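Undergrad: I'd like to ask you about the structure that follows.
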Amino acid sequence: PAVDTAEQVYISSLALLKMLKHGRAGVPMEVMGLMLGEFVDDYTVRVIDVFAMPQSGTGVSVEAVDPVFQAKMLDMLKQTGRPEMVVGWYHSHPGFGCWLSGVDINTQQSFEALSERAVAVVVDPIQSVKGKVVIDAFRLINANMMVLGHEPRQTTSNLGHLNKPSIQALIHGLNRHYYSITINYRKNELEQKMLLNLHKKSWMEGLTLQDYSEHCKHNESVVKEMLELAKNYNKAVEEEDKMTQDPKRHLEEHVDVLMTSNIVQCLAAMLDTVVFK
Amino acid sequence: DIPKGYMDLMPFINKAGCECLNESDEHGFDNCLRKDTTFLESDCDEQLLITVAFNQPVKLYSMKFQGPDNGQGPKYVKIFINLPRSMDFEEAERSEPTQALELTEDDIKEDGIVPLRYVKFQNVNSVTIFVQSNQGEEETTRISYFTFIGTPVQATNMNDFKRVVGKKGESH
Amino acid sequence: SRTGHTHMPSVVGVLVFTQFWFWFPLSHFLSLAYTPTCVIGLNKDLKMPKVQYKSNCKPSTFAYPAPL
Amino acid sequence: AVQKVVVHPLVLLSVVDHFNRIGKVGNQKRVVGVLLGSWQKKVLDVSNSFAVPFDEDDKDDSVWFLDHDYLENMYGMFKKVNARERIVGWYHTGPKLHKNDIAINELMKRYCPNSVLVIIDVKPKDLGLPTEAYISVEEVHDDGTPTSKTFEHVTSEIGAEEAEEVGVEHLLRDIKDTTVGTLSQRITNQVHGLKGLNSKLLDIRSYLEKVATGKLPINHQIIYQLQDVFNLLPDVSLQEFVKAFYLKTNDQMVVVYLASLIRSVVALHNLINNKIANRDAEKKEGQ
Amino acid sequence: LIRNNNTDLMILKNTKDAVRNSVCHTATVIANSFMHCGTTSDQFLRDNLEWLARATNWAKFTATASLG
Ligand SMILES: [Zn+2]
């Protein structure tokens, strides 16, 4: 048997948010938790929920699982509507990359022995600057796999080569002791709307005018800067036409900003004059 | 009967969770699980609500839920799965089933096997079966046999978590 | 085909072949889109007679690529 | 009391997930849970939640079994996980209140005297926030109308820590809206603002019609706020406002006109550059 | 196609020599399949059976379908 290079760990929206929150809720200590999910068949690992684990001093190791805690919370989740498995464990690496180091391989070996499909997800919450989420999923390579003359994981689809690995992980052996399974976040149509509500602008913000004093100051400043750019532009056009750009591009961006601001505020003003009387 | 690869889900049923609401004390739940002609009777009305629980999630291919052939047999079988709480004969009459079988005498007979929509039963821990109507119309309903045919889903049985490698002191 | 009719085996094969990005084994389906460029003469009783047709173009314009 | 309740995207997604994971296996309508968060002045910050088993009879409307033992154990576990978060109320995913709500709030007031019920509407509407927050108040009414234990609104908002913005941004990057004012987007924003104003005015009119015809009692607070709104309506026919409006409209349109002239000159310059490039190419090709 | 099977196996021999990965192994299996399509001549597979042993799992599928 082999693990295809199309396997994906579909991390749900709730799981991703919980992971990032727990990472920056305990940086620069490391944090750990379980990933309740579902092994669909052989190419899918669905991480439906994640599962914080109390900080226990011994970093993140096998002794940091606290069997009483996990058992009791799994029972309680079962009776509240989560009859889910334990597909792997996530554990943050606060700022020093997304890979594994020794104890991680030992712990993931424990999880695999429990069930040989459990992934291990690593999140770097400091490097997760807004606009880039650094999460990577991993699983081990059998000692009799790369030494017996077999590639770590077969390849039947062109899917597994659309993401390039990072040198940070290469150094620690992204391809000598463990894989890298793709993520492929799974978003419903309701979660996306509920999240859009985060920055959704109110009708008030749509229909509210801009402080006229500040608007006039902005008009004046932009028109002056545009005058300077226009003098430079005259000089540039004369010089280029004589001897045979930055002024033109800056002038274009500034004209854009002035026109958008003025038209928007003027139309808002008329709309209000009609709507509120 | 049993296509290769699928096995009867008797061994994975734990009595810790099995129950059957509205059952006559004369004929108990143990009757439906012997393959003998020992039956289960309805107590008050022409309705019944069985519930079976499995140790590890299982996949259900077919059901052998059959009764006698004297007009006292299940007619409308509503199957729900994975119920957080034991339900009542009032929710059983409106809740949308995961399956809505309407048995016929052919299925009722000893050689009748009713196949379910396999896809909706890919992870089953608890099954509640509501018999809403009898084959004809009898104040008491009777069930002669009931067993599921399917496959078990590989279990990640926590509490088995142990050090398979290394010392007992590494932290990170 | 050689008469303007859409060739169902060919279209189907090319589609399933393009679906190799997801499953390599399907790449074989392109075999369905291989029409032999042939002009086969048959005699009255559907037997194959020994004859030679003549082109009107340099052989190098339509000859096999040279054996490497 | 508490004026503001800022809910978090994790709370919202958790509620959605609870509703889905129970509705899939049954049909319960409501799903009920506890909210965990922290105070800062009179500004509640709901930053987590968890389901608590619930079951009620939709006929009797006074028989329900919110499970306080489960609540306590679950809160113990989350207290171990993170301690700067104490129970700050509850939530239920029902589009409207229910008779039980006051009794459930009385139950939860054991664990938080200042309880905030956030009715997180799973169904995605297109005009309002999905959270509406309430707090229980019993007090002798000033107008002498008989007093009963009923809810009072507490302003609600959605805000996020940076650790959650990094997630929401990534999840929504596919269908995101540029965080900059493109003129089309701004005109769209104003149209949506008019949509919303119309919706709110229709709501007010429907309520006033119901009040007038008598199907509802009169709420002096609502009448106060409405007549204050009318009080605040402005006047536009006033001369020294029409003068000022014309003055600033003209100033804005001078800026617009200068912008347009600059754009025209730049466009002509680019056209000349391209015509010269093509002329050179044609001449070189000819020679 | 049998009669006019004027194929050059030297190109495939060079490709095989250049094969290192299993992607390329199955790629060359498919390439031989194409090159011989219609031609009931499996000489490239018949004269290299050591090389048709590094394909395991979902590559033996492709090799057998290639005979097809
Ligand atoms: Zn680690």
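Residues 23-266, 278-310, in that order, are what chain A shows, numbered as in Swiss-Prot.
Method of determination (from the header): electron microscopy, 3.3 Å.
Cβ atoms are placed via backbone N, Cα and C, with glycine included.
Pasting the relevant annotations from Swiss-Prot:
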| type | residues | note |
| --- | --- | --- |
| BINDING | A:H113, A:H115, A:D126 | Zn(2+) binding site |
| DOMAIN | A:31-166 | domain 'MPN' |
| MOD_RES | A:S150 | phosphoserine |
| MOD_RES | A:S224 | phosphoserine |
| MOD_RES | A:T266 | phosphothreonine |
| MOTIF | A:113-126 | motif 'JAMM motif' |
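Mind running through what each feature is packed against?
TA: Of all Cβ atoms in the shown protein chains, 25 besides its own fall within 10 Å of the Cβ of A:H115 (Zn(2+) binding site).
The secondary structure of A:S150 (phosphoserine), as reduced to three states from DSSP, is coil rather than helix or strand.
Under the DSSP three-state reduction, A:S224 (phosphoserine) is assigned to coil, being neither helix nor strand. Here the Cβ of A:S224 (phosphoserine) has 15 other Cβ atoms within 10 Å, regardless of which shown protein chain they belong to.
In this view, A:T266 (phosphothreonine) is surrounded by 6 other Cβ atoms within 10 Å of its Cβ, with every protein chain counted.
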Undergrad: Report the nearest neighbour of A:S224 (phosphoserine) in space among the recorded positions A:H115, A:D126, A:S150, A:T266, comparing Cα positions.
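TA: Of all the candidates listed, A:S150 is nearest in space.
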Undergrad: Would you mind listing, in sequence order, any of the recorded positions A:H113, A:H115, A:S150, A:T266 that have a CB less than 8 A from a CB of chain D?
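TA: Only A:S150 pass the 8 Å Cβ test.
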Undergrad: Identify which of the following recorded positions, namely A:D126, A:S150, A:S224, A:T266, place a Cβ less than 6 Å away from any atom of ligand 1, and list them by sequence position.
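TA: Correct list: A:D126.
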Undergrad: Return the residues near A:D126 (Zn(2+) binding site), defined as same-chain residues 6+ apart in sequence whose C-beta is under 8 angstroms from its C-beta, sorted by sequence, else 'none'.
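TA: Long-range Cβ contacts: A:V82, A:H113, A:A142, A:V144.
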Undergrad: Indicate whether A:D126 (Zn(2+) binding site) is helix, strand or coil by DSSP.
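TA: Where A:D126 (Zn(2+) binding site) sits, the three-state DSSP reduction gives helix.
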Undergrad: As a test of the contact definition, list every same-chain residue at least 6 positions from A:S150 (phosphoserine) whose Cβ is closer than 8 Å to its Cβ.
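TA: Sequence-distant Cβ neighbours: A:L42, A:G45, A:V156, A:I157.
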Undergrad: State the Cα to Cα distance, in Å, between A:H115 (Zn(2+) binding site) and A:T266 (phosphothreonine), rounded to an integer.
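TA: For A:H115 (Zn(2+) binding site) versus A:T266 (phosphothreonine), the Cα atoms are 59 Å apart.
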